[PDB]
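# Close look at the chain arrangement
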Amino acid sequence: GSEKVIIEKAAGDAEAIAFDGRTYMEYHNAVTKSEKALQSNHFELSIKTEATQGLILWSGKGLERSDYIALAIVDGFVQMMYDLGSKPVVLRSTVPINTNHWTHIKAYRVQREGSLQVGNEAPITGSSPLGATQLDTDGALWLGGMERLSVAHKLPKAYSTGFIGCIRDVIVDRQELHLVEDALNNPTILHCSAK
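Residues numbered from 1 in each chain as written, not as in the entry; some residues may be left out. Heavy atoms only, no water.

As stated in the entry header, the method of structure determination is solution NMR.

Okay, a nonpolar patch on the surface next. A cluster of nonpolar side chains, namely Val-180, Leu-184 and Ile-189, defines an oily patch on the protein surface of about 240 Å² accessible area. With respect to the helices and strands, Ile-189 occurs in the segment after α2 (179–183). Accessibility expressed as a relative area gives 34% for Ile-189, which makes it partly exposed. (Patch = residues over 30% accessible without salt bridge, like charges linked within 9 Å, V, L, I, M, F, W, Y side chains within 5 Å. Areas by Shrake-Rupley, 256 points an atom, 1.4 Å probe, with all protein chains shown as cover. Salt bridge = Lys/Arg side-chain N within 4 Å of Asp/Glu carboxyl O. Helix = DSSP H or I, 4+ residues; strand = E, 2+ residues; numbered from the N terminus. Buried < 20%, exposed > 50% of the residue type's maximum accessible area, 1.4 Å probe, protein only.)

Once that is clear, we can look at the pattern of salt bridges. Tallying each qualifying case throughout the model produces four salt bridges. One salt bridge in this structure joins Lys-106 and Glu-44, with 3.6 Å as the shortest N-O distance. Within this pair, whereas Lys-106 is found in strand β8 (residues 103–110), its partner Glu-44 is found in strand β3 (residues 40–48), the two being separated by 62 residues in sequence. Considered together, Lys-106 and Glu-44 belong to a single accessibility category, that of buried residues. The residue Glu-44 makes a salt bridge to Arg-174 at a minimum N-O spacing of 2.9 Å.

Sulfur atoms of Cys-166 and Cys-192 sit 2.0 Å from each other, so the disulfide annotated by UniProt is realized in this structure. Separated by 26 residues along the polypeptide, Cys-166 in strand β12 (residues 166–172) and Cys-192 in the segment after α2 bring together distant segments of the chain. Overall, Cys-166 belongs to the buried group, its relative accessible area being 1%. (Disulfide = S-S within 2.5 Å. UniProt positions renumbered as here; feature names shortened; annotations may be inferred.)

Under the defined criterion, the tally for this structure stands at one disulfide. Across a sulfur-sulfur distance of 2.0 Å, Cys-166 and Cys-192 are joined as a disulfide pair. With the S-S bond torsion at 135°, the cross-link from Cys-166 to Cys-192 turns out right-handed.

Turning our attention to the sheet that holds strand β1 (residues 17–18). The sheet built from six strands is open, its strands ordered β1-β12-β3-β8-β9-β10 with antiparallel pairing. Each having just a single partner strand, β1 and β10 (124–127) make up the two edges of the open sheet. (Pairing = 2+ DSSP bridges.)

Here we take up the pairing of β10. In regular strands, side chains alternate between the two faces of the sheet. Of the two faces of β10, only one is covered, namely that formed by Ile-124 and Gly-126; the face formed by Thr-125 and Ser-127 stays uncovered. Pairing between strand β9 (residues 113–118) and β10: four bridges, direction antiparallel. Across the sheet, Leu-116 pairs through a bridge with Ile-124, a residue of β10. Counting the residues between successive antiparallel strands, the hairpin from β9 to β10 contains five residues, one of them, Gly-119, with a positive phi of roughly 70°.

Of all hydrophobic cores here, the largest spans 49 residues; its most connected members are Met-25, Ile-56, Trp-58, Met-80, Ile-105, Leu-143 and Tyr-159. Looking at this core element by element, the count peaks at six residues for strand β5 (residues 68–74). (Core = buried A, V, L, I, M, F, W, Y, C linked by side-chain atoms within 4.5 Å.)

Right under this line is the structure:
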């Protein structure tokens, strides 16, 4: 006869991917092919750092020398540094991240004033000299370093030293979050340790 159709599948939910300092997640995606000109974006993601210096995120796609958004670790702290006109804004974090633990980080970027929070805590903010209140990006994203890290701009080896840790649950404006969907674009993919 028919035993109905039950839905009970729990294979766990810890999409963790370990980096080595060179892995680059090139996530090429667009929020909606039609407008392309948002006014503000949100950035969420957690990470298992294992050092102190290393760039975690970089996005752009829209110009040839403008709108530079990225997220890197320096001295043991993360910092969202972006320049869409001429002055980069490093809203670093005032909390330890090299704790080998899953930390939470975020960033509220509006026109020229951006923000950053380690677990929604003491937010570090900063804004540009309102020299560009209209940037254009396809919500593209690169997280974990950079194949062509000539984007670091002028910071120290932080970008010359990709990140080596684990990252998971990272979304921007409710986009991305498909670690393995665009990560496959890479050659090798790792998960994490201590499990």
